[PDB]
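Given next, in structure tokens, is a single chain: the form deposited in one PDB entry.
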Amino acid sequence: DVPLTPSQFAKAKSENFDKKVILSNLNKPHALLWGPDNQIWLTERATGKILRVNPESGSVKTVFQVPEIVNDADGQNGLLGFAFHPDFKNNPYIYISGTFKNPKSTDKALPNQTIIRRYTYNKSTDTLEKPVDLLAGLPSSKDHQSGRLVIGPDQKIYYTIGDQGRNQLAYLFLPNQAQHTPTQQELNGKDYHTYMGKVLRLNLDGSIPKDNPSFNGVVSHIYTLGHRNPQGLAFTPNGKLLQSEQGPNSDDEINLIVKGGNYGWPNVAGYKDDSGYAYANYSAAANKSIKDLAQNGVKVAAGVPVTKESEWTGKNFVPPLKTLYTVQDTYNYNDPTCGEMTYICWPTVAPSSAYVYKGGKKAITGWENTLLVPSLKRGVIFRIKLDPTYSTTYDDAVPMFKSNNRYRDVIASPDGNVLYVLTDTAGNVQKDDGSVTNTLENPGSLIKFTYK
């Protein structure tokens, strides 16, 4: 899609809803879920706290605190994955992912690991107990962790693991592993370094599903590859898997996840169109004094190999259903109106999640078959229509609830007339007038929007 302007974003006020702050000043609230107990559950990424809010009374309880979660003040690491077992009454488990110290680490630049872990809910004590590590030794870094964890209708864990920020900023010269897959030797040795920029599919005990796809003949936990920062993952009622992912200066994506599909990153951003992006591989640069011009590979400094999207030799490439946004080679990536925070002016929205609207007895008129996608850098929640079979999008991404807030997650109540949203504690956002602010209207909040 074509970018909306700052004035088009500012007009998305959503006057048909009443706003109410439920909780404020949470410490990096991250995942939000409607619980099997009809209460709202949420996580704090920084502390490892798991919270439960009563939707009728607003009271909150710290149900459990995941011990030894590692979070850097300048990092996107900490407590990430969060999901209930789908048959909770008959299977009382909570599945999480988190950043923990790796005692075997030799590399001081990468001291941590990611672990997918199960907890059992104890109703008599109203807390979590009996931790079970399902999959450990997963890559960890300060950037592009992703970590969305869902249980599919096939009763398998689906888990997004980002590209770890390789080929940009502090990890500029590290070789991106999104296209890489494990050898049989690495898999046998539990060497999961290639589990970067993937959607994993695991058995509920953490083992490899016997029906997982193969890559170079190897059947590992990998379900799809070629992802950058997929922070959104959601099943539709008819069993399709929708996803949102942050692109670089352009081409954030809405994807349809298909078994064994290659989503093209870093060789391809968005469509394979050679429009506004090219792959500049800094890990293959002449030396580390080379600068990243931050022109999305359209223009590069001397000494860095660069390839067109159309020149990539990859197989099973799956294009996105929608891009937010695609631009031409003439686009200006050096907009001074954003000051030092140049990235805020880039033609992207930074999707933080993806939620399939289920409807209900008080459903909002015209919201059937929609996907809701919160935006961090624009301070809007997008509404994306699909056809009833979730095979294609219909029309464009409609912005809603414009505010000077970084929207982190969204859910709706069972009746469908109330939306609940999480907002970041701190960071940069685009104001109504297109400039940048770090003065957030509702830092670290749980906000309620009731249809009127």
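All residue numbers are counted from 1 along the displayed sequence.
Here the subject shifts to the form solved in complex with a small molecule, a form of this protein not shown in this document.
The closest heavy atom approach of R201 to the small molecule in the deposited complex falls outside 4.5 Å. Under a 4.5 angstroms non-hydrogen atom cutoff, the small molecule in the deposited complex has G247 among its neighbouring residues. Among heavy atoms of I344, some come within 4.5 Å of the small molecule in the deposited complex. When the small molecule is considered in the deposited complex, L376 lines it closely, a heavy atom lying within 4.5 Å. The chain is drawn here without the small molecule; in the deposited complex, the stretch among 359 to 367, 211 to 219, 336 to 344, 299 to 307 whose residues come within 4.5 Å of it by any heavy atom is 336 to 344.
Only one of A350, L135, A234, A83 lies close to the small molecule in the deposited complex, with a heavy atom inside 4.5 Å, and it is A350.
Screening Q177, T323, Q76, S140 for any heavy atom within 4.5 Å of the small molecule in the deposited complex leaves a single hit, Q76.
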